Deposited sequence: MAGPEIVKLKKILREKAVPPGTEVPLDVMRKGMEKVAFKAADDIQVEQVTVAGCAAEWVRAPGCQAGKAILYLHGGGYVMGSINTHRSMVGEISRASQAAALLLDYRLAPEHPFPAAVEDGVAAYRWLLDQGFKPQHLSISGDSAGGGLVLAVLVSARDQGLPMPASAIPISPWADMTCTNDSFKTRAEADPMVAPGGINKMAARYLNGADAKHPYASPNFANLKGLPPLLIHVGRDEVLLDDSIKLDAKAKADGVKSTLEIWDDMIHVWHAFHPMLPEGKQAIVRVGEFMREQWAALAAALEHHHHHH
């Protein structure tokens, strides 16, 4: 294990709330806002309204005309924002050489399932109506947003929408049931259930096996080529392994990368984690590969 990830895990545990204490949602929300990384100063930003939602066009230098990424942020479907993810999305824009549409989709419990999926699908539809070709598009997202990526694709496909050139779920949460073995077998090495409460907030009585809630139970047939990033040291490991397997069986060209010693959305720690930078570079490279094909 690299020195950076070791020290990163140390800091995270030293700074985290003990297991089982209930942090109010508005407290978690504000805490996530305050620890959010400042985006690099060469990242340009433009506010837009997309499908009734606030959003930002996130443009790193080197962005190609005609291309775009719909980005869906993490936050367990109950938190996160444009601000919390602007830094990581800028670096994805940089590696992929394409501007990114960072969507402030509707959150639970104010807006429970399927609000987030509706916003994702409509935002993707918005991109199309703006004149972006399907072959010039990609959809990416982390954690809850990584599951949201797959749900948006499946929903859009059921509604007759054309598929984009690629999709890259990062540490996706694709199973609301949280019954996978890695929740037990990787729990020791994961410094990042509170997750069950978030699932309860998002679902609000809905079936946890609903395809648009938990894409690991969805029909993935027809989906674009997948790059799935996940850390070996996270409780959501099996979500990614099972997603890959599901995609394979449903005909989808899927590529699963389990990064050793890595934690949940390690990409977000790119300022101090070389593997975080590396994986972001990989994401952008995969996007460009699928566009040049």
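Coordinate coverage of the deposited sequence breaks at 1, 194 to 196, 298 to 309, these segments carrying no C-alpha atoms.
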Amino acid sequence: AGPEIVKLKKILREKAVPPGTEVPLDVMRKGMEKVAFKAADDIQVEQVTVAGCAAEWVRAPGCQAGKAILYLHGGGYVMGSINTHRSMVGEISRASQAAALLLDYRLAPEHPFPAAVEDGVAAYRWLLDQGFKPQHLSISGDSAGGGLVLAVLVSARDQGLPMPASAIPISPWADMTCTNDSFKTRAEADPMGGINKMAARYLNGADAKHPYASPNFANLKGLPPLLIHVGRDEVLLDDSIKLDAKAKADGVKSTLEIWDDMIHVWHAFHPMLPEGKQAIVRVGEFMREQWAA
From here on, numbers count along this sequence of modelled residues.
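The stretch with the higher mean CA B factor, choosing between 109 to 117 and 129 to 137, is 129 to 137.
According to the PDB record, 22 to 30 carries the higher mean C-alpha B-factor of the two stretches 50 to 58 and 22 to 30. Take 79, 99, 165, 189 and read off each C-alpha B-factor from the entry; 189 has the highest. Taking the PDB entry at face value, the top CA B factor among 36, 227, 65, 43 belongs to 65. Annotation for residue 201: CA B-factor lies in the middle third of the chain's modelled residues. Residue 221: CA B factor lies in the highest third for its chain, per the PDB record.
Annotation for residue 16: C-alpha temperature factor in the highest third relative to the rest of the modelled chain, per the entry. When the modelled residues of the chain are ordered by their C-alpha B factor, residue 177 lands in the middle third.
Remark: residue 95 belongs to the middle third of its chain, ranked by C-alpha B-factor as recorded.
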